[PDB]
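Two forms, one protein chain; structure tokens for each follow separately as structure 1 and structure 2.
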Structure 1
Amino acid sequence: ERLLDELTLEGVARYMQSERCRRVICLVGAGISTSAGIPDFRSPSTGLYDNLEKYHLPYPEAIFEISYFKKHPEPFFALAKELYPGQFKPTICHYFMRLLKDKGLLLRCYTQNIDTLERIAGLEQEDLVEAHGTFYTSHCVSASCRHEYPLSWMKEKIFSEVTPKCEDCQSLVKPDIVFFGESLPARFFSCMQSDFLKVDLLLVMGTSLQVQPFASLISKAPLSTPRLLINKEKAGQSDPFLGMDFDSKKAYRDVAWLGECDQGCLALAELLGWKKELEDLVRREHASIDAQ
């Protein structure tokens, strides 16, 4: 009555090596980048809305609201210098997704993250839905210009404490993250409408599934599609006050592996016979990055 022979990581691995599992969608959040040193930017414990006093904001969230940014961009860019990562080294989890791509299994990676690590790990634009945009590129904000600038250009402006301006028209240049008040990416809805007709397995890694519309993606899978959560904490279940079903007598397709995302991806790779391939890929790419 179900595609998984048992509701465990071993059941998922056997399903992944069966004829039925052809197309995997990954849904990933901040939990896959914390081991790379990237903090969760939607976590109150990160303290983004603390130490904003010198900027005299009308409300703390204004530093990430598009209309405020366009008139007063300096607070955002001062904060961006403070938080700019010291290195961009993707995690075991990112390279696990590269292995999925290499093996013809990756239909799409939907990511809430803005840190570019999916791209550094070798996922291409076609493979990715960056649901909240990315720092990978930046654009002039003038509608008639829209000159594109790479992250190296934007990094230099952030570190020199020079507000980035377009060389063509002298308008503000903004990283391609989705500020509050901006439209969500058309690609998010377009790809969702196509991909979830085709998916055989949902791999949900490093997201607490608490931010919409991203969290709603789990409800777009066909009823039969197994869903594996790899996360430090169980997530995605229905709210009893107002979903994933891991633990009831009616559970039939959802599996929770609770732990660090890197360790869960390593465990899954090991069951699949991919551990040596994943170790070799990670060690090579990390050595390459360390040598830059």
Structure 2
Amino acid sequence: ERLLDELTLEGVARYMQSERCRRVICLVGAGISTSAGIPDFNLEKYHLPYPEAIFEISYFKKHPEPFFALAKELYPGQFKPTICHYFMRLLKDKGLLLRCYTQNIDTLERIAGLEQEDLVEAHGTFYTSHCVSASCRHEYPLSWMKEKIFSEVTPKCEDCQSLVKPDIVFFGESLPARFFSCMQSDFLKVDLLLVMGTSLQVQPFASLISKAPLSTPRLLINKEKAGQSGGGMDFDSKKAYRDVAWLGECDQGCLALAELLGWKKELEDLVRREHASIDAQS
């Protein structure tokens, strides 16, 4: 029931290069976007009942304007995916990626080249928006929403003038149905979990680590150990057998893993070319 030869990054690499590792699932959080300038959460200017209300569906339903104002204030001057995003892109290109489950709404996975079939955006995204009226549900792309946010015009539907909301899951909202559809099949077939940039404190996303088979190795690349209790993470006990913790910056851990897999030069060229191509079209 032990598939790793040693509980290190090198053991994970050698396992990835073995016949048993055919399907890899990535579970990613805010830590994989911090080096891109996107915050891992002032707000006094918005006059909120409590600072967290800005992220809850109740307050957005009451007053949607503070969210759009804050979206403009935190709107990144550039959408540049990180080394971690392009490592997942390499996993996709080589046929090893089964799915990327993400907690982020910043669309950086799609900009890195991951497609809809590769992604489960568990908390939604800014990539698309919809008119809130159920008899309309008109869809708008990211450029439309960005132009509405920066002109400081509250986004209204061009067909029925109702409010248009980014396709994100506020706190208190139900997760999208694709989450629960994909999790049923994906976590019976998964051979490896790559948990990157999340401290596993948001539910039901965190519980995903207990859906994998008990023999499936799980590598945590995070600034802190997390997921320790239940099918929780066990990095340090005498009964540890499958969980590996690499503590540090996510970009650094992905660089080390890619080098151990022989992908250092390719990942370098990919990241540099894409960052330059984004700086050009900026």
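Along the sequence of structure 1, residues get numbers from 1 upward. The term rigid core refers to the most C-alpha atoms you can superpose between the two forms while keeping them within 1.5 Å.
Q: Could you check which of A267, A251, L57, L258 shows a C-alpha shift of 2 Å or more between structures 1 and 2 after a rigid core superposition?
A: Comparing the C-alpha positions, the one residue that moves 2 Å or more is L57.
Q.
Could you check, with the core superposed, whether the Cα atom of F180 shifts 2 Å or more between structures 1 and 2?
A. Where the cores coincide, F180 still shows a C-alpha shift between structures 1 and 2 that is 2 Å or more.
(Q) Is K71 displaced by at least 2 Å at its C-alpha between structures 1 and 2 when the rigid core is overlaid? (A) Comparing forms between structures 1 and 2, the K71 CA shifts at least 2 Å.
**Q.** Shift in Å of the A80 Cα between structures 1 and 2 [rigid core superposition]
**A.** The alpha-carbon displacement, core-superposed, is 1.0 Å.
Q. What is the magnitude, in angstrom, of the C-alpha shift at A30 between structures 1 and 2 when the rigid core serves as the superposition reference?
A. On core superposition, this C-alpha lies 0.1 Å from its counterpart.
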